[PDB]
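K.L.:
I am attaching a structure below and will ask some questions about it afterwards.
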Amino acid sequence: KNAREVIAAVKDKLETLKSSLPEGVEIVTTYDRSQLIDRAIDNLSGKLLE
Amino acid sequence: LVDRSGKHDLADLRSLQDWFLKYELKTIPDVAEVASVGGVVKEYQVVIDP
Amino acid sequence: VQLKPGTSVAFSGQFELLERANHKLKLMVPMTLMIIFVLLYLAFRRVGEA
Amino acid sequence: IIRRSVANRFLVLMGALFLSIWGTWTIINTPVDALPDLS
């Protein structure tokens, strides 16, 4: 399956769930594969344009 | 799941994870699994005196 | 409204699918006309008649 | 092949325009990824 849309949905849900968590608990992201995908896509698009 | 209040024990955080987020993040269309790492599993220990 | 620890809310209904279906149609109504126009221009070799 | 297309050039231009629009849409509505599935 596709990973970028899944990460997007996961982030949207974790964001809309921050209000339902108890007082003091935080969710910190550790590994996120969307960053590498975005960087690669941007690099290749810039290379094509150049 | 970090707690910058020294209030919620590790067992509370892991129970929250298991019984709330494993179900929240699993409804996403093509998420195969949501595994839990670390934390403590509450247990009812009965120690018998011989 | 406040949410208790371990509770979530979501929305759904028929409205969900319409927003999709309708959208898709607004993509294929133009295309159709296009593939019809190029049929008509080829037929009379003039834009006025089409 | 070549001269037979310069005769009816309006058809070719309209087809090229339709193709460009379709391709722009497909480009702006395509998935993305980093590397294919090597597993």
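FYI, nothing fancy with the structure tokens labels: chains A, B, ... in order, residues from 1 per chain, ligands from 1 as they appear.
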Apply DSSP to the backbone of this structure and, from chain D, keep only the residues in helix (DSSP H, G or I); write these as a list in words.
P.N.:
residues 3, 4, 5, 6, 7, 9, 10, 11, 12, 13, 14, 15, 16, 17, 18, 19, 20, 21, 22, 23, 24, 25, 26, 27 and 28 of chain D
K.L.:
Excluding same-chain residues fewer than 6 positions from residue 14 in chain B, what lies within 8 Å of it counting only C-alpha atoms, as a PyMOL selection string?
P.N.:
chain B and resi 36+38-41
K.L.:
Check the smallest atom-to-atom distance from each of B:25, B:48, B:1, B:11 to residue 8 in chain C using only C-alpha atoms, then report the winner.
P.N.:
B:25
K.L.:
What residues in chain D lie within 8 Å of chain C, counting only C-alpha atoms, written as a ChimeraX atom specification?
P.N.:
/D:11,14,18
K.L.:
Would you mind listing, as JSON, numbers by chain, all residues of chain B that have at least one atom within 9 Å of chain C, where only C-alpha atoms are what counts?
P.N.:
{"B": [16, 19, 20, 24]}
K.L.:
The selected residues should be written to file as an mmCIF file, in the first residue's frame (atoms: N, CA, C and O atoms).
P.N.:
data_model
loop_
_atom_site.group_PDB
_atom_site.id
_atom_site.type_symbol
_atom_site.label_atom_id
_atom_site.label_comp_id
_atom_site.auth_asym_id
_atom_site.auth_seq_id
_atom_site.Cartn_x
_atom_site.Cartn_y
_atom_site.Cartn_z
ATOM 1 N N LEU B 16 -3.298 2.789 28.700
ATOM 2 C CA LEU B 16 -3.853 3.776 27.783
ATOM 3 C C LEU B 16 -3.535 3.404 26.343
ATOM 4 O O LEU B 16 -4.432 3.295 25.501
ATOM 5 N N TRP B 19 -5.364 -0.036 25.162
ATOM 6 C CA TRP B 19 -6.817 -0.085 25.133
ATOM 7 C C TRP B 19 -7.467 1.139 24.500
ATOM 8 O O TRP B 19 -8.695 1.162 24.369
ATOM 9 N N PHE B 20 -6.696 2.153 24.108
ATOM 10 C CA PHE B 20 -7.248 3.300 23.402
ATOM 11 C C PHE B 20 -6.626 3.497 22.028
ATOM 12 O O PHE B 20 -7.348 3.545 21.025
ATOM 13 N N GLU B 24 -7.823 3.162 18.165
ATOM 14 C CA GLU B 24 -8.050 4.396 17.419
ATOM 15 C C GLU B 24 -7.283 4.396 16.103
ATOM 16 O O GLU B 24 -7.850 4.688 15.043
#
K.L.:
Could you list, as a ChimeraX atom specification, every residue of chain A that has an atom within 7 Å of an atom of chain C, counting only C-alpha atoms?
P.N.:
/A:20-22
K.L.:
Suppose we keep N, CA, C and O atoms; can you now write the selection as a short mmCIF file (atom, residue, chain, number, x, y, z; two decimals), in the first residue's frame?
P.N.:
data_model
loop_
_atom_site.label_atom_id
_atom_site.label_comp_id
_atom_site.auth_asym_id
_atom_site.auth_seq_id
_atom_site.Cartn_x
_atom_site.Cartn_y
_atom_site.Cartn_z
N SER A 20 -8.17 14.46 23.99
CA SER A 20 -8.74 13.35 24.75
C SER A 20 -7.72 12.68 25.67
O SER A 20 -8.12 11.84 26.48
N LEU A 21 -6.44 13.02 25.56
CA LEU A 21 -5.44 12.41 26.41
C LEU A 21 -5.49 13.01 27.81
O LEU A 21 -5.94 14.15 27.99
N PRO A 22 -5.05 12.27 28.83
CA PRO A 22 -5.03 12.82 30.19
C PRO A 22 -4.09 14.01 30.29
O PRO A 22 -3.31 14.32 29.39
#
K.L.:
Please, which residues of chain D lie no more than 12 Å from chain A when the count uses only C-alpha atoms, and can they be set out as a PyMOL selection string?
P.N.:
chain D and resi 27+30-37
K.L.:
Now that the selection is made, can you save its residues with N, CA, C and O atoms as a PDB file, in the first residue's frame?
P.N.:
ATOM      1  N   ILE D  27      -0.664  14.209 -13.307  1.00  0.00           N
ATOM      2  CA  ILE D  27       0.536  14.542 -12.547  1.00  0.00           C
ATOM      3  C   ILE D  27       0.157  15.081 -11.176  1.00  0.00           C
ATOM      4  O   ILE D  27       0.682  14.634 -10.148  1.00  0.00           O
ATOM      5  N   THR D  30      -1.168  12.140  -8.693  1.00  0.00           N
ATOM      6  CA  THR D  30      -0.462  10.866  -8.681  1.00  0.00           C
ATOM      7  C   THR D  30       0.099  10.572  -7.292  1.00  0.00           C
ATOM      8  O   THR D  30       0.475  11.492  -6.560  1.00  0.00           O
ATOM      9  N   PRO D  31       0.171   9.304  -6.890  1.00  0.00           N
ATOM     10  CA  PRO D  31       0.793   8.979  -5.602  1.00  0.00           C
ATOM     11  C   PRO D  31       2.284   9.276  -5.610  1.00  0.00           C
ATOM     12  O   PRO D  31       2.881   9.593  -6.641  1.00  0.00           O
ATOM     13  N   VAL D  32       2.888   9.167  -4.426  1.00  0.00           N
ATOM     14  CA  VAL D  32       4.310   9.418  -4.244  1.00  0.00           C
ATOM     15  C   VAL D  32       4.887   8.359  -3.315  1.00  0.00           C
ATOM     16  O   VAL D  32       4.170   7.689  -2.569  1.00  0.00           O
ATOM     17  N   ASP D  33       6.208   8.215  -3.373  1.00  0.00           N
ATOM     18  CA  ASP D  33       6.931   7.266  -2.535  1.00  0.00           C
ATOM     19  C   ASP D  33       8.418   7.565  -2.660  1.00  0.00           C
ATOM     20  O   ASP D  33       8.841   8.361  -3.503  1.00  0.00           O
ATOM     21  N   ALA D  34       9.208   6.912  -1.810  1.00  0.00           N
ATOM     22  CA  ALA D  34      10.657   7.085  -1.824  1.00  0.00           C
ATOM     23  C   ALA D  34      11.329   6.042  -2.709  1.00  0.00           C
ATOM     24  O   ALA D  34      12.023   6.388  -3.670  1.00  0.00           O
ATOM     25  N   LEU D  35      11.128   4.765  -2.401  1.00  0.00           N
ATOM     26  CA  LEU D  35      11.692   3.667  -3.163  1.00  0.00           C
ATOM     27  C   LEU D  35      10.634   2.602  -3.386  1.00  0.00           C
ATOM     28  O   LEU D  35       9.715   2.456  -2.574  1.00  0.00           O
ATOM     29  N   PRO D  36      10.729   1.843  -4.476  1.00  0.00           N
ATOM     30  CA  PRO D  36       9.773   0.752  -4.696  1.00  0.00           C
ATOM     31  C   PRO D  36       9.913  -0.319  -3.624  1.00  0.00           C
ATOM     32  O   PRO D  36      10.787  -0.275  -2.758  1.00  0.00           O
ATOM     33  N   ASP D  37       9.017  -1.301  -3.691  1.00  0.00           N
ATOM     34  CA  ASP D  37       9.002  -2.394  -2.725  1.00  0.00           C
ATOM     35  C   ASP D  37      10.016  -3.452  -3.144  1.00  0.00           C
ATOM     36  O   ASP D  37       9.771  -4.229  -4.072  1.00  0.00           O
TER      37      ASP D  37
END
K.L.:
Only residues of chain A matter here; which ones have an atom within 7 Å of chain B, counting only C-alpha atoms? Give them as a list in words.
P.N.:
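On the chain A side, the interface is residues 10, 24, 25, 26, 27 and 28 of chain A.
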K.L.:
Grab the CA of residue 18 in chain B to CA of residue 33 in chain B distance for me, in Å with one decimal place.
P.N.:
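Those two atoms sit 12.0 Å apart.
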K.L.:
CA of residue 29 in chain A and CA of residue 39 in chain D are how many Å apart?
P.N.:
25.4 Å
K.L.:
In Å, rounded to a single decimal, give me how far CA of residue 17 in chain A is from CA of residue 10 in chain B.
P.N.:
20.0 Å
